[PDB]
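Chains as they are written, first to last, in the deposited numbering: chain B, 333 to 527; chain A, 1 to 107, 113 to 122. Each residue gets a CB set at the ideal place from its N, CA and C atoms; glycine is no exception. Working notes, beginning with the structure itself.
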Ligand SMILES: *[C@@H]1O[C@H](CO[C@@H]2O[C@@H](C)[C@@H](O)[C@@H](O)[C@@H]2O)[C@@H](O[C@@H]2O[C@H](CO)[C@@H](O)[C@H](O)[C@H]2NC(C)=O)[C@H](O)[C@H]1NC(C)=O
């Protein structure tokens with residue numbers, strides 16, 4: 333009866349930095365994934381463990397929409413079994429990921445003359461992230477032998493680092509808004525379905 | 001258009017003062033961490049001081065803690081390093097670097118000599 337509010341996610345006014353990705357869960361509604369493919373000309377629209385053409389035929393208990401901003405160079409890392417600072421320290425998808433990665437270039441919104449440095453990504457972590465983990469900690473990273481808890485030595489870094497989005501940047505350095513729809517399927521009944 | 005330019009330095013004696021300035025072009029210096037490095041001729045490069053992005057703190061090596069102080073002038077887009085109570089081992093060439101982590105595309114130094122007496 334009710335159509336799933338995809339406009340709230342893809343058409344949001346503000347977007348989160350990748351280290352603090354936003355999540356909105358979708359249920360008790362109906363989703364046409366073909367209407368959303370052509371909803372806007374998307375940079376990337378790929379899926380894993382499922383295929384885009386069949387998307388309306390499936391049915392899921394819950395659907396989670398995760399949104400954030402990264403470089404175009406780093407859309408490759410938003411995929412199962414990928415390595416890199418974004419996948420290791422900011423947003424990790426599991427090896428058995430079933431869902432879709434949708435991204436588009438957002439230079440017109442997120443870049444700015446003189447540079448936009450408001451978006452951040454985690455630069456250091458003592459571990460690689462576990463799937464769908466979200467670390468927004470701000471605590472001084474200690475790299476090397478000498479400790480830094482109060483010592484404040486050289487080899488101790490503030491964990492988050494700002495992106496530098498210039499409008500004249502190459503396409504790889506330009507900001508991309510990314511939406512990842514994870515298709516959770518459980519033993520409980522389904523709540524979201526194609527027509 | 002991106003570059004860093006070191007100024008200041010020279011000859012001073014044990015107990016003397018000095019201030020080095022690193023003038024950056026092509027980016028605001030407060031958005032990323034800025035660092036000061038030094039390399040004595042025999043030894044390897046050593047990190048001496050660093051000031052994190054925005055107001056997230058300062059970092060000083062044990063070698064120079066309490067004697068050196070790093071600071072940032074957002075108007076002059078310049079990071080300064082004030083060197084007080086200089087000891088003969090502080091002789092080196094001094095370099096500044098941006099921890100841009102590849103968000104830039106840029107990738113000379115100044116000499117400081119401090120005598121004993
Ligand atoms: C994302 O938004 C675009 C258009 O942006 C605004 O959102 C609409 C709800 C409406 O307020 C527009 O006037 C705004 O400009 C959507 O594209 C529009 O889709 C509606 C669907 O009814 C259609 O009536 C308009 O003609 C479309 N306009 C354009 C320029 O394409 C798009 O569908 C939204 N994405 C979603 C909902 O997923």
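Burial state of residue i, where buried means 16 or more other Cβ atoms lie within 10 Å
i, result
"residue 62 of chain A", "exposed"
"residue 48 of chain A", "buried"
"residue 20 of chain A", "buried"
"residue 346 of chain B", "exposed"
"residue 478 of chain B", "exposed"
"residue 489 of chain B", "buried"
"residue 52 of chain A", "buried"
"residue 427 of chain B", "exposed"
"residue 520 of chain B", "exposed"
"residue 115 of chain A", "buried"
"residue 41 of chain A", "exposed"
"residue 94 of chain A", "buried"
"residue 66 of chain A", "exposed"
"residue 35 of chain A", "buried"
"residue 90 of chain A", "buried"
"residue 98 of chain A", "buried"
"residue 485 of chain B", "buried"
"residue 64 of chain A", "buried"
"residue 60 of chain A", "buried"
"residue 409 of chain B", "buried"
"residue 43 of chain A", "exposed"
"residue 87 of chain A", "exposed"
"residue 423 of chain B", "buried"
Given residue i as reference, the closest of the options once Cα atoms are compared
i, options, result
"residue 400 of chain B", "B/491, B/363, B/349 and B/500", "B/349"
"residue 451 of chain B", "B/505, B/465 and B/429", "B/505"
"residue 339 of chain B", "B/353, B/492, B/364 and B/382", "B/364"
"residue 434 of chain B", "B/351, B/337 and B/511", "B/511"
"residue 411 of chain B", "B/395, B/394, B/381 and B/490", "B/381"
"residue 487 of chain B", "A/33, A/2, A/114 and A/16", "A/33"
"residue 75 of chain A", "A/30, A/120 and A/18", "A/30"
"residue 24 of chain A", "A/122, A/104 and A/121", "A/104"
"residue 437 of chain B", "B/356, B/465, B/507 and B/414", "B/507"
"residue 120 of chain A", "A/65, A/16 and A/2", "A/16"
"residue 396 of chain B", "B/356, B/341 and B/464", "B/356"
"residue 1 of chain A", "A/28, A/64, A/66 and A/68", "A/28"
"residue 462 of chain B", "B/472, B/419 and B/372", "B/419"
"residue 387 of chain B", "B/366, B/483 and B/403", "B/366"
Residue i - DSSP class collapsed to helix/strand/coil
i, result
"residue 420 of chain B", "helix"
"residue 507 of chain B", "strand"
"residue 512 of chain B", "strand"
"residue 495 of chain B", "coil"
"residue 339 of chain B", "helix"
"residue 350 of chain B", "helix"
"residue 398 of chain B", "strand"
"residue 90 of chain A", "helix"
"residue 100 of chain A", "coil"
"residue 73 of chain A", "strand"
Nonlocal neighbours in the same chain, by C-beta distance under 6 Å from residue i, ignoring five residues either side
i, result
"residue 22 of chain A", "4, 6, 79 and 96"
"residue 432 of chain B", "379 and 513"
"residue 45 of chain A", "37 and 39"
"residue 11 of chain A", "118"
"residue 100 of chain A", "32"
"residue 374 of chain B", "434 and 436"
"residue 71 of chain A", "80"
"residue 464 of chain B", "none"
7 Å Cβ shell around residue i - same chain, five flanking residues per side excluded
i, result
"residue 392 of chain B", "515, 516, 517, 522 and 524"
"residue 493 of chain B", "452, 453 and 455"
"residue 376 of chain B", "407, 433, 434 and 435"
"residue 390 of chain B", "382 and 526"
"residue 102 of chain A", "none"
"residue 13 of chain A", "119, 120 and 122"
Beta-carbon proximity list for residue i, same chain, < 8 Å, skipping 5 on both sides
i, result
"residue 334 of chain B", "360, 361 and 362"
"residue 499 of chain B", "439, 443, 444 and 445"
"residue 468 of chain B", "351 and 352"
"residue 497 of chain B", "439, 442, 443, 444, 447, 448, 449, 451, 505, 506 and 507"
"residue 405 of chain B", "504 and 505"
"residue 369 of chain B", "377 and 384"
In chain order, which continuous runs of the alpha helix (DSSP H) of length 4 or greater are located wholly inside the region 365-393 of chain B? 365-369
Which residue spans inside the region 422-473 of chain B form an unbroken alpha helix (DSSP H) run of at least 4? 439-442
Which runs of the alpha helix (DSSP H), 4 residues or longer, sit entirely within the region 1-39 of chain A? none
Which whole runs of the beta strand (DSSP E) in the region 40-70 of chain A are 3 residues long or more, in chain order? 45-51 and 58-60
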